[PDB]
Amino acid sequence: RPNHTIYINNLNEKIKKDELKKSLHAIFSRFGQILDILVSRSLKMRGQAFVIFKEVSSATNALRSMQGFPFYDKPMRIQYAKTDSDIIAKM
């Protein structure tokens, strides 16, 4: 079940919303063009984010590459999204 958008959890939920999107973009993008990183610190979401890539191969590349990597003293649990983000759905 691979698709354009990777899904990361086990993130340091104490990190500000903007510094997260920034540092997340910094860790990736060296895999392909990133379309958008989606975050929200609500109770439902919290320590997790959606990194949307331009081509699926960059998602597969970064998923296998960056798994378990320590991000703010915490290991990343990367996996493909249940559904491709509605921006990719409009493709």
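Note that residue numbering follows the sequence shown and begins at 1.
Student: Higher average CA B factor in the deposited record is what I'm after, so tell me if that's 12-20 or 78-86.
Tutor: Mean B over CA atoms: larger for 78-86.
Student: Sort the modelled residues of this chain by their C-alpha B factor and say whether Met45 lands in the lowest, middle or highest third.
Tutor: Answer is middle: the recorded C-alpha B-factor places it there.
Student: Which third, lowest, middle or highest, does the C-alpha temperature factor of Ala26 belong to within its own chain?
Tutor: Within its chain, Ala26 is a lowest-third residue by C-alpha B-factor, going by the deposited values.
Student: Based on the deposited C-alpha B factors for this chain, I'd like to know if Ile37 is in the lowest, middle or highest third.
Tutor: Lowest third of the chain for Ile37's C-alpha B-factor.
Student: Of the three thirds of its chain by CA temperature factor, lowest, middle or highest, which one includes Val51?
Tutor: Lowest third.
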